[PDB]
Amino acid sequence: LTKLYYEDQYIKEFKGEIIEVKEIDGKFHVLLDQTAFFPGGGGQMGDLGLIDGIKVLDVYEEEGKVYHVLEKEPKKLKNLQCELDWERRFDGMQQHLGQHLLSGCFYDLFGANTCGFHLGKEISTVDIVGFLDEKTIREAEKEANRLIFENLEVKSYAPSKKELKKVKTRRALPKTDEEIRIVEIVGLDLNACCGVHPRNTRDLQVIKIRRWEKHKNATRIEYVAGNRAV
């Protein structure tokens, strides 16, 4: 069945048909024929919103199937108006690409590698290998914002096994039964990622580095992108 979030990440309203209903203590876990509700992936949180005016409280994936936890019992089940909480969606889209952008700027400018990231509701972090002084950190922040306004294309795709052999990456790709998705900041960076990203760097608006500290062999950098930064 259909996962719309990987086909067009900007779809915020869609038509759906409830294929299954399971009542699990108070809540109604539903399957849909097609969904734009992201369950979560690559560190990024899942969606909330409405299915037929009934609030979606949780979205998860189990055995390749996206399940929606509804607070009330579905009545009508065909041709339903389904809408994402777009503010939540887009916030997570911006923070994730924000991380990729910074990571790509740190490597492009200074050869500095990323070894971790965290996307939280309040703040997000990225870990860069080694000590970094304030000068280099602020230069990466500047360059990130420069490429936002340069508006680079961000391609999200699942390569065919033919075109997957011509994919050049700096980190080895996972061994999986699942399909490899690629997120590519055109001209800057190309990484395997299951996230849902904006289609350009301009969509980030602005990126601000808040503060940083040492974490073992790394510099843990706190950042905000988009509406969080203002």
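Numbers for residues come from their place in the sequence shown, where the first is 1.
When the C-alpha B-factors of 155 to 163 and 91 to 99 are averaged, 155 to 163 comes out higher. The question of which stretch, 116 to 124 or 69 to 77, has the higher mean Cα B factor is settled in favour of 69 to 77.
Considering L173, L204, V196, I185 together, the PDB entry gives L173 the largest C-alpha B factor.
In the deposited entry, the Cα temperature factor of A218 places it in the middle third of its chain's modelled residues. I148: CA B factor lies in the lowest third for its chain, per the PDB record.
For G111, the recorded CA temperature factor ranks within the middle third of the chain's modelled residues. Sorting the modelled residues of the chain by their CA temperature factor places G64 in the highest third. Per the deposited record, the Cα B-factor of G26 falls in the highest third when ranked against the other modelled residues of its chain.
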